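As structure tokens, one chain now follows by itself in the form deposited in one PDB entry.
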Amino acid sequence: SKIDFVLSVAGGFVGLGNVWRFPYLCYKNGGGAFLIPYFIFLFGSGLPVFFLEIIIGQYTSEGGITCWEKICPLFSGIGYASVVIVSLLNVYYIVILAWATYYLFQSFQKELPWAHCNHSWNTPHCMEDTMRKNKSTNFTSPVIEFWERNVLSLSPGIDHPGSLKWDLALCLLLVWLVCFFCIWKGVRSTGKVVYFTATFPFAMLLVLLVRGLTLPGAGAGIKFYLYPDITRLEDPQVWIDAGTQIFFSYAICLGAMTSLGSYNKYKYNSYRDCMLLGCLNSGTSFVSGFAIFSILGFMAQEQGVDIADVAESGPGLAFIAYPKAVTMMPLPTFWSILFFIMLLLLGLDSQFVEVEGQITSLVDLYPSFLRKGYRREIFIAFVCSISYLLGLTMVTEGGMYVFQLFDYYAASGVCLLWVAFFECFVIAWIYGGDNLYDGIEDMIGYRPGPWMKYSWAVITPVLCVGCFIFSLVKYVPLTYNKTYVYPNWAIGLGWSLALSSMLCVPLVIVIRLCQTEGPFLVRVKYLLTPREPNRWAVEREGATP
């Protein structure tokens, strides 16, 4: 039937990129103006690049870096770029789990701390959400106060880091020990039975979706979600945000999907899996958007303010709307605990894969010194310890601004488009898209349609180059919560996080050419020839030519 096929592919597609990052990227970039670039990218590059990575991993049966060595010795810096991207992503991704852990620990009390505002941390300007319109120039929602006063202690700027938050630093330490202990002991990402690890994220999202839609203001919230704003499409930032949100959700350009495709058998219809997971992954983001944007629609009409100015246009929208929804539910504390466990399990499974993914790449990159045993176990703690210390810069009071620097630059924006363009450019134009079909038709049993070939050759490079060029032409500097202007050095620092991964592709080209000996034209020709990528006798494999 069809349920067994869904069971075989599990439910690991859902992550924090769906229930945390998508809603606020949609919220920041107007309303439904985010969806047109979202779907254009999803059907032009999103699914094609995802399937390309899977099928390259399956064809070469190699990891992130060695697969590119098999496909094309030149442009092999894509693996190193992916390693840098995933390292920065692991540095800034565990902070979300730190916030989730803090919220979960704060939810273990009789009265939710964000339900009412009469506490110590609360500005006198705060007023209850119900009484803002029921009955002093501006008032603040208790939910937003708790987020920027208790959880983040927001400082005036990034240049004022302030004293470290010892409560978040421990919550950051706990999730790193969990990542360290699980990876060191070889614990699977899904604990025990996979049913609870996969059905629970959907069950909680359905409950939140049901709660959101029945709220009185949900009608105006969805009209904000769905109906687009064309004048927003003039801005080239919405295309970048929507384009790389697909890449972030699919975990492509990270080297994760190549390794995921490696475990697939040679004769395996991975084409169906990429389409099925891709639609389910992007489908969850669309459906989860209905839940959160209904809450904002309810929040905006309750406070008598616009939907576009009711919450934070930045990370933590899922920490303002969702904790607000659980306040309007029977047994609010019970649902608050479950939500932040789900929000924590989703992130932990994603973090388990990437931290182990980059470590596996790192140890295999420099063997004879990181050999399996005492040396590797120390390396497991070394990667986490350094990633913990660098992650401490986003825990200070001015740590939200540093988090937005990493989020907008380190593993999103031009750095993800740079790799996605170069993965498609090498396969479609250098290796040959028609050549890959001969490999694919031998693998999945039938030659696919012209969609995949024409998406690597044309659609993805034009989308990545076009968005890259037009982002620089109409350059608007990064801003946090649409009111804070970053200092020049912060953007220069942020551009370095992107540029650190982007420079791997040209730098390895320079290294490779100088390593090779001979005339320059002979040198470039030698490094563009694949080194027998389909070299496996375990299954029936036709020679590349």
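What we label the rigid core is the largest C-alpha set whose atoms superpose within 1.5 Å from one form to the other. A residue's number is simply how far along the shown sequence it sits, counting from 1.
Out of the other entries of this protein with residues modelled on both sides, is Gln358 skipped in at least a third? Across the compared entries, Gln358 is modelled every time.
Taking only the other compared entries that model residues on either side of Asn435, decide whether it is unmodelled in at least a third of them. No, modelled in all of them.
So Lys135 and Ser136 are neighbours in the shown sequence, but is anything from the deposited sequence left out between them? Give the count as none, 1 to 3, 4 to 9, or 10 or more. Unresolved stretch here: 4 to 9 residues.
A second form of this protein, the form solved in complex with a small molecule, is not displayed here; the remarks below concern that form.
Would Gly12, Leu89 and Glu354 all count as contacting the small molecule in the deposited bound form, using a 4.5 Å heavy atom cut-off? Every residue of the candidate spot has a heavy atom within 4.5 Å of the small molecule in the deposited bound form.
Given that the small molecule is left out here, which of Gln237, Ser350, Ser141, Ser313 has a heavy atom within 4.5 Å of it in the deposited bound form? Filtering the options by heavy-atom distance leaves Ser350.
Can you tell me whether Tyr408 touches the small molecule? I mean in the deposited bound form, with a 4.5 angstroms heavy atom cut-off. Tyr408: no, not in contact with the small molecule in the deposited bound form.
Does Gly17 reach the small molecule in the deposited bound form, with heavy atoms at most 4.5 Å apart? Contact with the small molecule, yes.
Please check if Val326 has a heavy atom lying within 4.5 Å of any heavy atom of the small molecule in the deposited bound form. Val326: no, not in contact with the small molecule in the deposited bound form.
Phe340 versus the small molecule, in the deposited bound form: is there a non-hydrogen atom within 4.5 Å? Outside the cut-off, so no.
Give the option from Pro367, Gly304, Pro216, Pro330 whose C-alpha shifts by 2 Å or more between this form and the one not shown; the alignment is on the rigid core. So the residue whose C-alpha moves 2 Å or more is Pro367.
Shift of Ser87 between this form and the one not shown at or above 2 Å (CA, core fit): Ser87 C-alpha, core-superposed: shift of less than 2 Å.
C-alpha of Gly191: shift of 2 angstroms or more between this form and the one not shown, rigid core aligned? Result for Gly191: yes, a 2 Å-plus shift.
Between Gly255 and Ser189, does the Cα distance in the deposited bound form come out closer or farther than in this form, changing by 3 Å or more? Relative to this form, farther apart in the deposited bound form.
Considering a change of 3 Å or more, are the Cα atoms of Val6 and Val210 closer or farther in the deposited bound form than here? Farther, not closer.
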